[PDB]
């Protein structure tokens, strides 16, 4: 009706059943509801898989990747995505609570000016549709980042937007496994 189906392995289209089973093993026995949602459109789930995979071998570090994604999730008001990336930052990257808390607030990162610049550059990209202006770009480059990193930030922003806008339109519920990190 107005509500989106959150697919299980059993209900999912044939084209994506393998992706769901893979995802369930990778998350140790549950499927994040984002994945159950995107299963409604096999193409969009297939794209999310491949891009997520390319995302993990890009020119930013893992922590830097999380800076872009949490900053984007908070700016786009996506509760599911903020929860997902908080859990991944705590459980898989093991970055410290002060880093995570500043990212969840979009407040200055006091212990790492290079990260602080990236998050501010991320925010500028989002708010300006890439038109960040010479000063912001120069501050980004002056912090030790390259023109390649800048495009990888834009790429991270497009990936977040896919997940954040999809979850916002569906009002995707947060899995019980993710509720503590919400």
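Numbering follows the first chain given and starts at 1.
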query	finding
Stretch with the higher entry mean CA B-factor, where the candidates are 56 to 64 and 109 to 117	109 to 117
Stretch exceeding the other in mean C-alpha B-factor - 152 to 160, 22 to 30	22 to 30
Residue 167 - which third its CA temperature factor falls in, relative to the rest of the chain	lowest
Relative C-alpha B-factor of residue 122, binned into the chain's lowest, middle or highest third	middle
Chain third (lowest, middle, highest) by recorded CA B-factor, residue given as residue 146	middle
Residue 86 - Cα temperature factor, lowest/middle/highest third of chain	middle
Relative C-alpha B-factor of residue 72, binned into the chain's lowest, middle or highest third	lowest
